[PDB]
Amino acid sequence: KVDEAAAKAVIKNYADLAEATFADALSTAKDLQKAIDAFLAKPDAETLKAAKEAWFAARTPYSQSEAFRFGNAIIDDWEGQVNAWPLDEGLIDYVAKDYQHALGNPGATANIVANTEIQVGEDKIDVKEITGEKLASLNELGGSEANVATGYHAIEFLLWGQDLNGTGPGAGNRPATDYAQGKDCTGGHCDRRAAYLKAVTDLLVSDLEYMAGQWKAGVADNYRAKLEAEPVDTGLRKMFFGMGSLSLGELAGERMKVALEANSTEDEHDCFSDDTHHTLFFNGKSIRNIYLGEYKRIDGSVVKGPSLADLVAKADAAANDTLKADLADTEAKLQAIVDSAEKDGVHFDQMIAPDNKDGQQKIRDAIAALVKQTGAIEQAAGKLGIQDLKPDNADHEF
């Protein structure tokens, strides 16, 4: 009875961490909505910069939610509308002549902003009136996962535009006049561009309001109620499985190894804003938050409770010590990536350049740390009787 109650308390705190993380994501998305509204009303350099800063701030809590993926299917079924990437951005707006898009993507040049009717394969689709529901129906349209119409990175593309700088300094620099209605309009169809940005921003808020509500305590019909009623070994496996699947397949593999080994700036997570270093860092923080049972909120307060770490320490102190040390080393390696961008001005798309020896090594050191901590996660889960964790490797060999 005592062991079961301890696991129950850890899973309850786990849901509290998710509740607070998604609540922070929702509130910062509402701040972003207000800055975007202010920008559309009075588009200029300063209101555009304010919208960009609000986007940056909205990313910090969302990136810390991603280790709740994989273990909790309700997030997996939902996040493709919220944070899908990479974009074949020619679906949305104009592109430069060196535009690179996926093979076999019939939507890659549809250009919704410019056209009241598009045709993606044989779906001839009315987009006269731009609504969130309509754009959502276009995600993965025609079969290609590069066809992304909504989410953080659709907003990102509409604020920054394409990053034309390759592996050199600088991000996208779309001009505010792309949203000037009437005569100073630049890039064409600025009324449809504003309508697009408004729709995806409102849709993001609406999606985050849904998900934040699914982790509220004391609600009989939501996911959190299901999770807390499940057998504790099911809940504990979900915690470890999210930790390991983000560490290995998604963070080390999809968000680092892919771009690094192809030297492909088009594959970095935050292509247009060059914020990829923060995504990686706060993804890493998501995993460590879950294991330690703590989440430091955007206002500085801390949500904290009984930890998965303490359960492991009772079963095997060495396994717990190894995993905590691996998590600390991983955070240091990801901090070095953040520091390269924030202190030295060398962003992720510059570090993966073929000639950047120190840039590539920092990324390879963080990959190695993430692979090591994945092994330590499996060992810790095994000490709690959770065998064959099999964290998802996203088909990468490490």
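The first residue of the shown sequence is 1; numbering continues from there.
- Here 248 to 256 and 218 to 226 are compared by their mean Cα B-factor, and 218 to 226 comes out higher.
- For the pair 280 to 288 and 81 to 89, the record assigns the higher mean C-alpha temperature factor to 81 to 89.
- Ranking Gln119, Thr322, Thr234, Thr150 by Cα temperature factor from the entry places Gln119 first.
- For the set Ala353, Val371, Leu26, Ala54, the maximum C-alpha B-factor listed in the entry falls on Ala353.
- The PDB entry assigns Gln64 a C-alpha temperature factor belonging to the lowest third of its chain's modelled residues.
- Among all modelled residues in its chain, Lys296 ranks in the middle third by Cα B-factor.
- In the deposited entry, the Cα temperature factor of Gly104 places it in the middle third of its chain's modelled residues.
- Sorting the modelled residues of the chain by their CA temperature factor places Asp310 in the lowest third.
- Split the chain's modelled residues into thirds by C-alpha temperature factor. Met243 is in the lowest one.
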